[PDB]
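See structure below.
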Amino acid sequence: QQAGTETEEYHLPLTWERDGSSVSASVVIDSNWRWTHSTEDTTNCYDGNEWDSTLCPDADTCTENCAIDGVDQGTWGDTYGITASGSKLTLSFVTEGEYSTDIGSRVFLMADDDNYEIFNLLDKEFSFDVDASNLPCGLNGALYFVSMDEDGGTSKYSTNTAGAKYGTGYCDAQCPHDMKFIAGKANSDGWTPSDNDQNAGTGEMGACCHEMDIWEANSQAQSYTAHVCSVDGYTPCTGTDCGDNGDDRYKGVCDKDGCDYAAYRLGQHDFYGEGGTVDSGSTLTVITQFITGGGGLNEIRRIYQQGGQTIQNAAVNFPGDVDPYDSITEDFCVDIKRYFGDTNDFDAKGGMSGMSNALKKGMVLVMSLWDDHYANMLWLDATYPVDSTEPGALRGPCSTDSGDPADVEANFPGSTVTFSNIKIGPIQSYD
Ligand SMILES: OC[C@H]1O[C@@H](O[C@H]2[C@H](O)[C@@H](O)[C@H](O)O[C@@H]2CO)[C@H](O)[C@@H](O)[C@@H]1O
Ligand SMILES: [Ca+2]
Ligand SMILES: [Ca+2]
Ligand SMILES: [Ca+2]
Ligand SMILES: [Ca+2]
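This note's numbering puts the first residue of the sequence shown at 44, with every later residue one more than the last.
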C-alpha cells in the first residue's frame with residue numbers, strides 16, 4: 044500500500060525497559076484497521092467487507108489506486124478506544140464512534156517512526172504485567188511475537204511505500220487471508236466477504252510467518268504457544284501453501300495449532316482464573332524465559348508473580364499417562380500431542396530447532412484484543428471440538444455456547460485489556 048494524506052500518522056507513545064534502561068517508544072495500529080481509499084479523494088476502496096469493483100477490478104489496479112490513511116492523536120481513543128500512559132497500554136473491544144464502530148485492535152511496538160522494534164528473545168527473559176479481569180469468555184487479549192519485516196515490507200515490496208510507519212506487513216502462523224495488503228499489494232483478487240463478520244473477508248493470498256504466542260488469554264483461561272513455519276520470515280502464500288482450515292490444515296508451510304502450553308487443558312483447572320492460584324481478577328506478571336543449550340533454544344519456561352508471590356508454572360497433570368512437564372520442550376510437545384491425538388505439525392515444520400532459528404532472526408511485538416469468528420475462542424476457554432470427550436478436548440471452564448462474536452459484542456462491549464511494564468533482560472533466578 045501507499046499512504047493517504049487525509050489524516051496525519053501519530054504513533055501512540057509507550058515506555059518500556061530493555062536490558063536495564065528505559066526506552067521511550069510508541070505503538071502503531073495494524074493496516075487492516077485503517078481506512079483504505081482512493082488516492083484522489085475520499086472514496087472507499089474497501090467498503091464494508093468488499094472492494095470497490097471500479098477502483099479494484101484486479102489487485103494491481105487496486106494497489107495503484109488505493110491508499111491507507113493515518114491515525115492521528117485523537118483517533119486512538121475516539122475510534123479505537125486505545126490509551127496509553129507511561130508504560131501502560133489499554134485496548135478496548137467495542138468502540139462506537141461518530142459514524143462507525145470498531146471491534147478490537149492490533150498494534151505493534153515501534154523502534155522509531157519507520158521501523159518496528161526487533162526482539163531477539165533467545166537467552167533472554169521477557170516479562171510484562173497484564174490485567175485480564177475485564178475479558179469474559181470469548182475474548183482474547185493477546186501479547187505475542189511474529190516474524191514480520193522490520194520495515195513492514197518497504198524494502199522488499201516496492202508498492203508498499205507506507206511501511207511499518209502505517210502498520211503494514213502483518214503475518215502470523217495462521218497464514219491469514221483476511222489481510223487487505225500482502226506483499227505490498229491489495230489482496231483483492233478472489234475476495235469473498237465473511238458471512239459473519241461485516242468488516243472482514245478473505246482474499247487469495249495469505250500472510251505466513253513464525254509466531255511465538257507469549258499470552259493468549261481472557262479471565263477464564265490462558266495459553267502460551269510456539270508456532271514454527273518451514274519458510275523464512277514473512278512469506279505470502281496461495282493455495283495449499285496457506286494450509287487453510289479444513290482438509291489443508293496440515294498441508295501448508297506453517298504450524299497452525301502450535302506447540303501449546305495451556306494449564307487448564309493440561310489438567311490444572313484451578314491454576315489460573317477467578318480466585319485461581321494466579322488470580323485473573325487482578326494484575327499479574329507474566330515472565331517467560333527462552334533457555335538455550337549450545338546456542339539453540341531448548342525450553343520456554345514460564346513463571347508468574349502476583350502480590351509479591353512467585354508462582355511456578357503448573358505442571359502437566361495426567362498421572363501415569365504423561366510426564367509432569369512444566370515448560371515447552373521437544374519432549375513435551377511430542378508426548379502431549381501423542382496423548383491428545385494432535386498431529387505434530389510443530390515438529391513437521393522444524394520443531395524446537397526451527398523455532399530457535401526463527402527467534403534468532405528477530406521478531407516484532409504484537410498486542411491485540413479480538414473475538415473469534417471461526418471457533419468462538421472455544422479452543423482457548425471451553426471444550427473443542429464441542430462434542431468431543433477424549434483427552435485434550437477440555438480447554439477451560441466456559442460453556443460450548445459461549446463466545447459467539449454477535450453475543451459478546453452485544454453483551455460485553457466494554458471489555459478491555461491492559462498491558463504494562465514490558466521488559467526484556469537477562470534470565471533471572473526465581474527461588
Ligand atoms: O487460530 C486461533 C488460535 O488457534 C490455536 O490453535 C488451536 C487450533 O486453533 C485448534 O484447532 C486446535 O485443536 O487446538 C489448537 C490449540 O488450542 C493456535 O494455537 C493459536 O495460537 C491461535 O490464536
Ligand atoms: Ca495511477
Ligand atoms: Ca489471478
Ligand atoms: Ca497443491
Ligand atoms: Ca483432543
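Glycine is no exception: its CB is placed at the ideal position from the N, C-alpha and C atoms.
Placement of the Cβ of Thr283 at a distance of less than 7 Å from at least one heavy atom of ligand 4 is found. If you compare the alpha carbons of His416, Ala436, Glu107 with that of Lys228, the shortest gap goes to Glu107.
DSSP places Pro448 in the helix class (H, G or I) of the three-state scheme. Taken through DSSP and simplified to helix, strand or coil, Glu259 comes out as strand.
With a 10 Å radius around the Cβ and a threshold of 16 neighbouring Cβ atoms, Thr97 comes out exposed. If you keep only unbroken beta strand (DSSP E) runs of at least 3 residues inside the segment 233-307, you get 249-251, 254-260, 265-270, 278-280, 302-304. Fully contained in the segment 392-465 are the following alpha helix (DSSP H) runs of length 4 or more, in chain order: 394-403, 421-424, 448-454.
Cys109 sits in a strand when the DSSP states are folded into three classes.
Annotation: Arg77 is outside any beta strand (DSSP E) and is labelled neither H nor E by DSSP. Contact annotation: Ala68 and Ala205 have beta-carbon atoms that are not nearer than 8 Å. DSSP places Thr48 in no beta strand (DSSP E); its state is neither H nor E. The DSSP-derived three-state label of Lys223 is coil.
At a cut-off of 7 Å, the beta-carbon of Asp232 counts as near ligand 3: some heavy atom of the ligand is closer than that.
Per DSSP, the continuous beta strand (DSSP E) segment holding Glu168 begins and ends at 168-174. Taking the CA atoms as reference points, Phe314 sits about 10 Å from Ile354. Proximity of the beta carbon of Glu107 to ligand 2 is indicated: a heavy atom of the ligand is located closer than 7 Å. Those residues that have a beta carbon less than 7 Å away from any non-hydrogen atom of ligand 5 are, in order along the chain, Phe383, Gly384, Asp385, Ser431, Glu433, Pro434, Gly435, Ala436.
Here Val429 is exposed. Its C-beta has fewer than 16 other C-beta atoms within 10 Å. Of the other Cβ atoms in all chains shown, fewer than 16 fall within 10 Å of the Cβ of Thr432; this residue is therefore exposed. The Cβ neighbour count for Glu160, taken over all protein chains shown within 10 Å, is at least 16; the residue is labelled buried. According to the DSSP secondary-structure assignment, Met153 is paired through a beta bridge with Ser69, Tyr159. Three or more Cβ pairs drawn from the segment 455-473 and the segment 164-183 lie within less than 8 Å of each other, which places the two stretches in contact.
Distance from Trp76 to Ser148 at the Cβ level is roughly 6 Å; contact confirmed, criterion being Cβ atoms closer than 8 Å.
Nearest Cα to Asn163 within the set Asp414, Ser201, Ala436, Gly338: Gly338. In the three-state DSSP reduction, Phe383 falls in the helix class (H, G or I).
The beta carbon of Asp378 sits closer than 8 Å to the beta carbons of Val365, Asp366, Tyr368 from its chain, once the five residues preceding and following it are set aside; these are given in chain order.
The residues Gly206, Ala207, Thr211, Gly212, in chain order, have a CB closer than 6 Å to that of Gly195 in the same chain once the five nearest residues on each side in sequence are set aside. Secondary structure at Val137: strand, using DSSP grouped into helix, strand and coil. Proximity of the beta carbon of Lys392 to ligand 1 is not indicated: no heavy atom of the ligand is located closer than 7 Å.
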